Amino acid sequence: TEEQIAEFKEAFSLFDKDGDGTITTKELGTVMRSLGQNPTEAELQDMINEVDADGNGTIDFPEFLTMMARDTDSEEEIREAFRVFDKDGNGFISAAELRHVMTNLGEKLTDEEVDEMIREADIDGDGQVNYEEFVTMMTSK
């Protein structure tokens, strides 16, 4: 689908912060550490060699797109995304934790947008996003 291609181009842009059409390992490590992760340069290089069919040291959008297409248990990845938001492990993503990660990524949101993202995700109205709620939104596509 072309609508999803564009969604992936936006996801490409998160890493390609200088917008030169390529993802470096430095750009990869900048995003992962923004997410509180601690990769080595070796793990960074491996992550990129896996996707880089060219042999140059970088991922371009065709390589990125081919890989996004390639599946069985996105459940783990969505759970990992839940865990990154839920930094205190209490089972609920708050407005503060949403804001925390979005600001770490460089995503500009007003306070009202953060609160609005919480409200719409918050099926049961307790004011926080639990795992099933997170999964509902993450799987709409």
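Position 1 is the first residue in the sequence shown; the rest follow in order.
From residue 70 on to residue 71, does the model leave out none, 1 to 3, 4 to 9, or 10 or more residues of the deposited sequence?
-> Per the deposited record, the segment joining residue 70 and residue 71 lacks coordinates for 1 to 3 residues.
Mean CA B-factor: is it higher for 37 to 45 or for 97 to 105?
-> Taking the mean C-alpha B-factor of 37 to 45 and of 97 to 105, the larger value falls to 37 to 45.
Comparing 88 to 96 with 50 to 58, which stretch shows the greater average C-alpha B-factor in the deposited entry?
-> Stretch with the higher mean C-alpha B-factor: 50 to 58.
Name the residue from 75, 63, 115, 27 with the greatest C-alpha temperature factor listed in the entry.
-> If I rank 75, 63, 115, 27 by C-alpha B-factor, first place goes to 75.
Select lowest, middle or highest to describe the third in which the CA B-factor of residue 22 falls within its chain in this entry.
-> Residue 22: CA B-factor falls in the highest third of its chain.
Could you say whether, by C-alpha temperature factor, residue 133 belongs to the lowest, middle or highest third of its chain?
-> Lowest third of the chain for residue 133's C-alpha B-factor.
Third assignment of residue 120 from its chain's C-alpha B-factors | As the PDB entry reports it, the C-alpha B-factor of residue 120 lands in the lowest third of its chain.
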